[PDB]
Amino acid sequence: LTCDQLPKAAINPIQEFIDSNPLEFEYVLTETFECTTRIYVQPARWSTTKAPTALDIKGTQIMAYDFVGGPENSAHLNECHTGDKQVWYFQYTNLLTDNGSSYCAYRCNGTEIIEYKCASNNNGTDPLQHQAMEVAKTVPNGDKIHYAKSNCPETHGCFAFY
């Protein structure tokens, strides 16, 4: 299996992601998105693209990306500080169940995987999530995929932020 052959699941309407806030990552590829909270935001009233935004929040640092849909269930992210583009797909989504929400998303460079973000608001207890992670591990460079919350900073009275 190669990264280009992973499932490209249908992307739920944006409100279903927003209603899942806040999410935390369970599995990631690089160190960048360890101990990270994901927040989805509807488009600004003054946005001329009317693109929603994904926020990756790690302590007091934040990366933001406006995004739009592209072909074959792609999400085309525009990183807000640089204008750099990223093309993402969803391996699966399972939003707004009786046990909350989960999904796994990935970024390829051809046959190899270069980033992975499995998110949930149920502490990784959706059986689909571990299952999907094990499949993503089988594509080239998937060996880097690892648990995202092994050594996170202590909290100071909040639950999704530190």
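Residues carry their position along the shown sequence, with the first being 1.
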Tell me which stretch has the larger mean Cα B-factor in this entry, 96 to 104 or 36 to 44.
96 to 104
Split into thirds by Cα B-factor across the chain's modelled residues, where does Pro13 land: lowest, middle or highest?
middle
Chain thirds of CA B-factor: placement of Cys152
highest
Consider only the C-alpha atoms of the modelled residues in this chain, order them by B-factor as the entry records it, and name the third containing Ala119: lowest, middle or highest.
lowest
Lowest, middle or highest third - CA B-factor, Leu128
highest
Going by the recorded CA B-factors, say which third of the chain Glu112 sits in, lowest, middle or highest.
middle
